[PDB]
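The next block holds one structure in the form of structure tokens; read it before the comments.
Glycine gets a Cβ as well: all are built from the backbone with ideal geometry, and neighbour counts include every protein chain shown. A short reminder: the numbers here are calculations on the coordinates, not readings from a lab.
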Amino acid sequence: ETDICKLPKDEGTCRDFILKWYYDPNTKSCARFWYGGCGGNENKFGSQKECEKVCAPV
């Protein structure tokens, strides 16, 4: 709980769909997806390494 790592990939139904990295609890690493600035959640990074620094692979 209060564990962002449990929140799913965010393609935030808006108008700026840019590609970002999200953390996958199944692997515990990150993949590349299409996020949007206004109608989303926060499991969205700029590079796998950022992700690795926010949730990480354990």
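Here are the numbers:
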quantity: By average C-beta atoms within 10 angstrom, highest first, the peptides 8-14, 21-27; calculated: 21-27, 8-14
quantity: For residue 47, net neighbour charge (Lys/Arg +1, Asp/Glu -1) across residues whose Cβ lies under 14 Å away; calculated: +3
quantity: Scaled radius of gyration (Cα, divided by 2.2 N^0.38 Å) that the chain gives; calculated: 1.04
quantity: Net +/- balance of residues flanking residue 10 in space, Cβ distance below 11 Å, scoring K and R +1, D and E -1; calculated: +1
quantity: Debye, to nearest 20: dipole size of the chain, +1 on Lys, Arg Cβ, -1 on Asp, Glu Cβ; calculated: 180 debye
quantity: Value at 222 nm in deg cm²/dmol, rounded to 500, when DSSP H runs of n ≥ 4 in the chain each add -39,500 (n - 2.57); calculated: -3000 deg cm²/dmol
